[PDB]
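Residue strings, one per chain:
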Amino acid sequence: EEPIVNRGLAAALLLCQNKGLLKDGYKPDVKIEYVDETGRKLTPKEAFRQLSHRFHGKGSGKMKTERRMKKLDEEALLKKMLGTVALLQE
Amino acid sequence: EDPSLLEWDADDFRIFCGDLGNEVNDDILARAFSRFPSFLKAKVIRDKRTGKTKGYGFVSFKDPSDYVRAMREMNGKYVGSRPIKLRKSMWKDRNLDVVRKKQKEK
Amino acid sequence: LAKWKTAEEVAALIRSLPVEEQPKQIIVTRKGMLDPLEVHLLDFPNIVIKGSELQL
RNA sequence: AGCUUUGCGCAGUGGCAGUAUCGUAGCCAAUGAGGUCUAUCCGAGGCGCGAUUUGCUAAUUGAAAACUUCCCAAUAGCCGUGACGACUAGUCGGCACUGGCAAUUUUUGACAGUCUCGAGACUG
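## A look at the overall build of chain B
- A count of helices and strands for chain B gives three helices and six strands.
- Shown N-terminal to C-terminal, the secondary structure of chain B runs as helices and strands in the order β-α-β-β-α-β-β-β-α.
- On the principal axes, the C-alpha backbone points of chain B span a range of 45 × 35 × 25 Å.
- When contacts within chain B are restricted to residue pairs at least 6 apart in sequence, long-range pairs at least 24 apart make up 55% of them.

Written as structure tokens, this is what we have:
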């Protein structure tokens, strides 16, 4: 119920919190993560599949590649966002 | 867009024969095609600098009913060292892809 | 069988909608309905079948 | 000529489908299968055996879940510094950067919001 107030950053942070959108001597920050050429973090199964494909020297087939590309496009479309037609038809 | 389908495509029936021996059925497909009534073409898809076939091959038969009868008879027939499974060739080209895209939106 | 038919009808209503219109979170009002809903929606693992403490 | 019936097949909507749908090559069967009601009456298959075509799409597993050579590398701003050439220790034009470029006149933003009839006013 908190709107975005002008010249204020606490209201947007409160709306995002309410919406649920949130030796030598050293401390080395050893962080290991799996990423792809698209920059998206990869699931461990996906990372293992990529590693196995690179190690075996052969990638996936054309049909599998097309299915993966279609799935990625669908995911991108879904993450980017019929009530009016149902209101007009009623 | 590999220029290799311009020699066997003559408004004929293309049959994809897979599940064949990798080191066998090099020219046995030609014998099968000669046994088939049409006996037009029996091309085998193989990779260059590999020494073995790539699996499924394309058999072009002019007579469609004869091709269907041969596919019914040769489905699972022991050819070479493994039974060759015969199905219909896809042949999804750029024009076919464009037509499929046009029909998908409508 | 009635709960299975209701879960199959919910799965058919989810499958009739496109992927852009399919939801990713399902809130079950009845507590004895989320258990077949995990079985009837095995083809779409991206949906979350969660319970509801407040009954609408 | 209009209209209508039975049977049949094609096409189509809707519906059903394991007490459902068939084969039966086995046997019996209008020369009567099967009958607790209506039995000097009804009138069809019944019993055993054995089944429940094709295309598309999606998803999971897996390195790869099958359509015709693939891969790798490359092409298609300023201030100063060191030399080069010119003009009278200074200036200019081109070359690469061994350092810097978020503190008032240019590039790390004094911008943003509101109201009225291209223009004006108010606030932070």
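The discussion continues.
## A look at the arrangement of the chains
- Chain B makes no contact with chain A, the minimum C-alpha separation between the two being 12 Å.
- Across the gap from chain A to chain C, with no contact made, the nearest C-alpha atoms are 6 Å apart.

## Topic: the environment of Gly76(B)
All names here are of chain B.
- Position of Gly76 relative to the elements: it lies in the loop between α2 (64–74) and β4 (78–79).
- Remark: the alpha-carbon pair of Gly76 and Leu86, spanning ten residues in sequence, is separated by 7.7 Å.
- If sequence neighbours within four positions are ignored, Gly76 has contacts with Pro83 and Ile84.

## Regarding the sheet that holds strand β2 (residues 41–46) of chain B
Residue and element names in this part refer to chain B.
- The strand order β2-β3-β1-β6 describes an open sheet built from four strands, whose pairing is antiparallel. This sheet does not close on itself; its edge strands, each paired only once, are β2 and β6 (85–88). Each neighbouring strand pair of the sheet contributes to a mean axis angle of 30°, computed without reference to strand direction.
- In terms of strand pairing, strand β1 (residues 13–18) meets β6 through four bridges, oriented antiparallel. Looking at β6, one finds that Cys17 is bridged to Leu86.

## With respect to the pairing of strand β3 (residues 53–61) of chain B
Residues and elements named next belong to chain B.
- Bridge count between β1 and β3: five bridges; the pairing is antiparallel. Across the sheet, residue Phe16 finds its bridge partner in β3, namely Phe58.
- Two successive antiparallel strands, β2 and β3, enclose a turn made up of six residues, where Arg49 displays a positive phi of approximately 55°.

## Brief notes about unusual backbone geometry
Residues and elements named next belong to chain B.
- Even without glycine at this site, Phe39 takes up a positive phi of about 55°.
- Note that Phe39 resides in the loop between α1 (28–35) and β2.
- Here the phi dihedral of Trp91 falls at roughly 60°; this positive angle occurs in a residue that is not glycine.
- Secondary-structure assignment places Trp91 in the loop between β6 and α3 (94–104).

Parameters at a glance
Residues numbered from 1 in each chain as written, not as in the entry; some residues may be left out. Chains lettered and ligands numbered in written order. Part of a larger assembly, values for the part shown. Heavy atoms only, no water. Residues with missing side-chain atoms left out of burial classes, pairs and counts. Helix = DSSP H or I, 4+ residues; strand = E, 2+ residues; numbered from the N terminus. Contact = heavy atoms within 4.5 Å. Pairing = 2+ DSSP bridges. Axes fitted to C-alpha atoms, helices over the stretch in contact; angles between N-to-C directions.

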